[PDB]
> 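Sharing a structure, written as structure tokens. Questions coming.
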Amino acid sequence: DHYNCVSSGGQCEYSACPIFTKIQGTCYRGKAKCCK
């Protein structure tokens with residue numbers, strides 16, 4: 001979720017993860033990806 005994604009160094013993103021990161025979990029009631 002948003003809290004855990006931010007706490008663990010990820011970024012919540014609605015669209016493709018920024019370069020050199022990838023999906024690992026979700027944010028925003030499941031509508032976004034946690035990119036790490």
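Index from 1, following the sequence.
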> What residues form a side chain to side chain contact (heavy atoms under 4.5 Å, CB included) with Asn4, not counting sequence neighbours?
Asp1
> In sequence, state the C-alpha distance, the side-chain angles, and the governing distance for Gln24 and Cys34, and then conclude on side chain to side chain contact (heavy atoms under 4.5 Å, CB included).
CA-CA 5 Å; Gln24 192 186 318; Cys34 182; 5.5 Å; no
> Who pairs with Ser8 by side-chain hydrogen bond (donor to acceptor under 3.5 Å, both in side chains), at least two apart in sequence or on another chain?
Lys36
> May I have the step-by-step check of disulfide (SG to SG under 2.5 Å) for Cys12 and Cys27, ending in yes or no?
CA-CA 6 Å; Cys12 299; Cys27 306; 2.1 Å; yes
> According to ring pair (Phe, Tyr, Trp, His ring centres under 6.0 Å), who are the partners of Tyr14, at least two apart in sequence or on a separate chain?
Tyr28
> How does the hydrophobic cluster around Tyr3 look, that is, which other residues are in it when side-chain heavy atoms under 4.5 Å mark a link?
none
> Calculate, to the nearest 0.5 Å, the distance between atoms OG1 and CD belonging to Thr21 and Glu13 respectively.
7.0 Å
> Taking atom NE2 of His2 and atom CD of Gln11, what is their separation to the nearest 0.5 Å?
10.5 Å
